[PDB]
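J.: Provide a 3D model corresponding to the input given below.
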Amino acid sequence: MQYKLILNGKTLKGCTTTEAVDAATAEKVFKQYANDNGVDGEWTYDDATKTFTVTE
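T.: Numbering: from 1, shown residues only. Below, you will see the structure:
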């Protein structure tokens, strides 16, 4: 299913998505994503909207 990631970085703001079999797999993708993009911080997940949020 479609998982979503909200980027609340000090430097970087945006929406992004991935397709994954579960949320754990999607999280790995999104973790590399914010890391590839110089964003690191507080992650939260809401399984009801399948949306992760990172906050610098």
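J.: element containing residue 45?
T.: Element membership of residue 45, judged by DSSP states H and E, is strand 42-46.
J.: Which strands and helices lie in contact with that strand?
T.: On a contact count with 3 or more Cβ pairs under 8 Å, 6 or more residues apart in numbering; DSSP states H and E, strand 42-46 meets helix 23-36, strand 51-55. For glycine as for every other residue, the C-beta is placed from the backbone atoms N, C-alpha and C.
J.: winner for burial among these?
T.: For these, the largest average neighbour count (mean count of other Cβ atoms under 10 Å) is found in strand 51-55, namely a mean of 18.
J.: Between strand 42-46 and it, find me the angle.
T.: Using axes from the mean of the first three to the mean of the last three Cα atoms, to 10 degrees, the inter-axis angle of strand 51-55 relative to strand 42-46 is 160 degrees.
J.: Use 25 as the first number for this chain going forward.
T.: That works, and once the first residue is 25, the last one we named lands at strand 75-79.
J.: follow-up on the earlier one: list the neighbouring strands of the strand holding residue 69 plus their orientation.
T.: strand 75-79 (antiparallel) (DSSP bridges).
J.: Let me see the contact set for residue 78.
T.: 29-33, 54, 58, 63-67 (Cβ atoms under 8 Å, 6 or more residues apart in numbering).
J.: would you list these in TSV and tack on distance to residue 78?
T.: Shown next, in TSV, are the contacts of residue 78 (distance: Cβ to Cβ, whole Å):
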residue	distance to residue 78
29	7
30	7
31	6
32	6
33	7
54	8
58	5
63	6
64	8
65	5
66	7
67	6
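J.: Filter those down to the buried ones, PyMOL style.
T.: Selecting only the buried entries of those in PyMOL, with 16 or more other Cβ atoms under 10 Å as the criterion:
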select buried, resi 29+30+31+33+54+58+63
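J.: Now the two most distant members of the contacts of residue 78.
T.: The largest separation in these, counting by Cβ to Cβ, is between 30 and 64 at 14.8 Å.
J.: now the strand holding residue 69, how far from the centre of its chain.
T.: Here strand 66-70 is found 8 Å from its chain centre; the criterion is Cα atoms, centre = their mean, to the nearest Å.
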